[PDB]
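Note sheet for the following structure.
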Amino acid sequence: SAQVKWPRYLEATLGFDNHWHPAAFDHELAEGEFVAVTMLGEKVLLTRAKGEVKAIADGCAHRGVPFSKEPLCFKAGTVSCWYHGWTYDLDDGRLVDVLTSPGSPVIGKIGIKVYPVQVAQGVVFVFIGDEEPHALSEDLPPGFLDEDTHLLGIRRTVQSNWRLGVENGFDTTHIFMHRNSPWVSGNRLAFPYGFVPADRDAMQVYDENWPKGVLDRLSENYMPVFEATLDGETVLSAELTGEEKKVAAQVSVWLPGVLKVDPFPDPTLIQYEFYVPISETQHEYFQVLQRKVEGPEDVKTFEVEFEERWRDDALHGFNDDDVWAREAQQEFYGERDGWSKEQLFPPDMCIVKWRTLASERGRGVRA
Amino acid sequence: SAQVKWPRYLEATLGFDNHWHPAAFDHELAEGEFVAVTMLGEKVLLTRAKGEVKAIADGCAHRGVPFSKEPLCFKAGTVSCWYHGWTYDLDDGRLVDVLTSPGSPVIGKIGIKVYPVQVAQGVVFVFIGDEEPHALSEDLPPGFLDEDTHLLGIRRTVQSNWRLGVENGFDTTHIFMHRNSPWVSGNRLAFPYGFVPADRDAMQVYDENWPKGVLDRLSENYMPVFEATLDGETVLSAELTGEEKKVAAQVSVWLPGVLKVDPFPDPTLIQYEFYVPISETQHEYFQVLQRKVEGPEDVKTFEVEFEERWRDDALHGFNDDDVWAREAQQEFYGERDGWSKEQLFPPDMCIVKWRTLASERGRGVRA
Amino acid sequence: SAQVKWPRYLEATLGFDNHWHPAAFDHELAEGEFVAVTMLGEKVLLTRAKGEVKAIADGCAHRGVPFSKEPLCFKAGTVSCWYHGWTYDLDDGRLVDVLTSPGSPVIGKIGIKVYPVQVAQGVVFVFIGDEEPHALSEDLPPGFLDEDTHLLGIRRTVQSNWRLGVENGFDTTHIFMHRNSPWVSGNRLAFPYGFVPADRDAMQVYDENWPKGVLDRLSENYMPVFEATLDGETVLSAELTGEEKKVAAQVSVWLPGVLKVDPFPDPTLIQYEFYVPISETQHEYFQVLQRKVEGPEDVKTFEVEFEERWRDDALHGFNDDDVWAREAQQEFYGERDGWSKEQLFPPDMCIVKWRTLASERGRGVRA
Ligand code: FES
Ligand code: FES
Ligand code: FES
Ligand SMILES: [Cl-]
Ligand SMILES: [Cl-]
Ligand SMILES: [Cl-]
Ligand SMILES: [Cl-]
Ligand SMILES: [Cl-]
Ligand SMILES: [Cl-]
Ligand SMILES: [Cl-]
Ligand SMILES: [Cl-]
Ligand SMILES: [Fe+2]
Ligand SMILES: [Fe+2]
Ligand SMILES: [Fe+2]
């Protein structure tokens, strides 16, 4: 059954820890500003001190209140609790002072957790887990860190377990539900109702070193369905006329659960998606677009396109439906043991391979 | 105690299954239209295909999503899931196609549940349970199916266990709370504060074949109370003056839990009530009025009176208070084990007879 | 650990019963008026009958509905249920009549709980518990019942366990969070960021007879902190310029959990606080100000300044922040076993003494 081929995947209700996970976008943090996030059940407080983004547990060691209720900073590099003034050093999380009791004997005897942080491609990543952090590149799809590119994205909260997000991203026939998105005609896309594996090389598992993932060779080893038929009659057909754009030549997912749609939502872009667990029933959905650039002008041109088109016409215009689609599955999988009652079909094998690889390679399980 | 005289009634938190239950009104469904309902914990999707109302489980066999999120029909007699296009035959619930993968090998190897449906007197009834359906008439009070009558009603959701609804309907002294309803003077009713059993033939149990139920002979074996006294002083008195109408000559309840008030809310009408479980804490309250008719003209006259008077002046004007009355009992009975702590009095014996009959005859228990 | 030092305090999630607790203010009840309250998990109905405030269980013995849904009284000294008319004697809670069934055999054979009530200093106190009530003075801080004073207050609901309320009131360094309240400059207060115990006599435990409690001698055995320093630099300093008022010379808490701030929020006043449990996660916060008076004129002057100044400028302007401060602790202590994970420091010892005294002297534990 399910609990037999991918047990650790089913156990990772709260995600795979001992992996890097995005928390926010670098531009969300100005010097001295605070941003509260919840990752894999942990409340984290982010801030920028002396130009560097720091991550510390969003909970005071005294009476456990979150600093985010009223975040205070009286000296860059520290955070002070709004309740009794306990002050912590962001570099090591140690209690270095108590504003309400100078010289208190608890100073230097207490500390809270701080997390390793690395900002890459404008994204703030945080290492969650007890192990010492490994290279960030091991937890990202290949190409994400390309130096000759620029990235722009957004994040939002989705009311479903993170796994439903990943499986909604790495699903080659769910695209049927996007057939009426204004982005399809909006960007003159030749968009099929689904992709069906045409041979045994349709899916490739990368399990040699890191990163590890599953790749769907949509453009070479799949058959796209542009027509829907019911009992011998064509009841639906995609629009294939004139000059149309080709997207999604390949789609892949990589541990700890990051999607890569290449190219998408336009031939000149690549779309990455993360589904970071917030709680057992919620996740933070990140959408990041990657554009190849040759200099500052291309960067500026991309930023403008993102603001005027890509973001709202695609990240919302195309993907908004994916949000309620995920949430529509929450009860079944989250409450009714859908993991053992689902009935899959051929195209879902890529998802099965992902669950198997994830169950075998996820560095740490958080239930 | 309770768990000893009517144990199966106490166990039937989610209702008695293997019985017919109303789901909606026939006029709520036009050809191709969809109506989602939840009955005894089961989500059901109703539609009209080729003129006939069909009932199918509102949950896809693939990833369990409900079709009601975005119901699709590309061929009358089928329903297609909005997610990956799995299409089902409404007659048998079998998967007959997959819009995103024509000829997929799962076709014909999967199916979901469909329910027997029977429309009578403008009401859509659905058979819930594993057993094969028996005659509809066995689950309705006598007279409901009278051919020389026409029926009109409404349904609404109530936040209480269904048993609290049934017992609020089949309660001869709770009417005290309706004394100030504008319908009392609105329809010149001689309406008492309560009916107290006057002899041993006040209540009669019908437990021979079907339908089965309990009847209160209010007009001949009960004493109506038109005056409320306290410490020897008359503190309240009903208005008995001029030409007033007499209603509620008899009130009865029949398995699986259907009320019959004869006559009510007017001498020319009979009122039926159903309290179909939605969940363990909610039920769908149906109010159906029956009028004897001699032809099309009488039907039209009834439909007009219903729209202009009966529905809002009585079904709401009189009964609305019954809704919060039921919900006011939810915590006690639903959370504080009120079933074993309640303290009944003589008039409640008709309810005791009903719980006993239901516990012994309910065809199926759904906990 | 905590479970070993103050076990009964940790068990009293729903408060200490067999103690008097405030329910409302006397002026909230006019003759024949009703006020519903929930104390230590019990729903209570208050009313004034023949000039006297009465307290009866807000739940009918018949089908458990609360009278508060629609409180009825047809004879001063009784309460009648809105559902079937069961009527109870407020003096002994016995069923003395049934409006819907005169002479019903259940009359005199049924009864509900009534509570001892005592009004003092404009406050309605109710005795919760199974024991016979003891003197009210045993559950109040010394000075509360002073005959040459007048009291005025307000109450509100707070979303946190009651113990978090008490410990927030009896905390000498949490005042840091109040530094920016408009009441500080509003009443020209010389207000420190915290009070730190300066010697061994800083806290005194009164455990000889009743009332019992812990007293902090702030003005004589504590060191007030008017500056906040971080890594050697003054980052915050209170305003100490000329003619300012001195308050909080002493603060104390007494069983079952009543605070006394002397003087506060002004030198001419004393502030009392109660934190009566509503449920396991909620409490009713009472704030009562005491002013010494010499006659009806002083009473009038106090009532006027309470309305024009004390209430909104202090009870709200100063204390409102204490509400979310308490609630910010609810998850940690209420759901994440904060009682054993908290890490206290020297000033918290007064709270530790209070927990110990309460665990040893609370008359009754309600979990
Ligand atoms: S809870 Fe943070 S200093 Fe007290
Ligand atoms: S969930 Fe219905 S077709 Fe996939
Ligand atoms: S529930 Fe109060 S009289 Fe029936
Ligand atoms: Cl978040
Ligand atoms: Cl369509
Ligand atoms: Cl593990
Ligand atoms: Cl009245
Ligand atoms: Cl059974
Ligand atoms: Cl309250
Ligand atoms: Cl400040
Ligand atoms: Cl005890
Ligand atoms: Fe999608
Ligand atoms: Fe009623
Ligand atoms: Fe405070």
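Proteins come first, then strands; the chains are lettered A, B, ... in the order of their sequence lines, and each starts at number 1. Order of appearance sets the numbers: ligands from 1, and atoms from 1 within every ligand. Because only heavy atoms are used, hydrogens play no part in the values below, and waters and symmetry mates are left out as well, while side chains stay in.
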Given OD2 of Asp322(A) on one side and NE2 of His178(A) on the other, what angle do they make at the Fe ion (ligand 12), to 10°?
100°
Are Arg309(B) and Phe306(B) in a cation-pi setup, meaning NZ or CZ lies under 6.0 angstrom from the ring centre and within 45 degrees of the ring axis?
no
The atom of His174(B) among N, O or S that is nearest the Fe ion (ligand 13) is NE2
State whether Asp321(A) contributes an N/O/S atom found under 2.8 Å from the Fe ion (ligand 12).
no
Are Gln287(B) and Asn319(B) packed together at the side-chain level, in the sense that at least one heavy-atom pair is separated by less than 4.5 angstrom?
yes
Validation row, ring centre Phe191(A) to ring centre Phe318(A) under 6.0 Å:
yes
For the rings on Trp6(B) and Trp339(B), is their centre-to-centre separation under 6.0 Å?
no
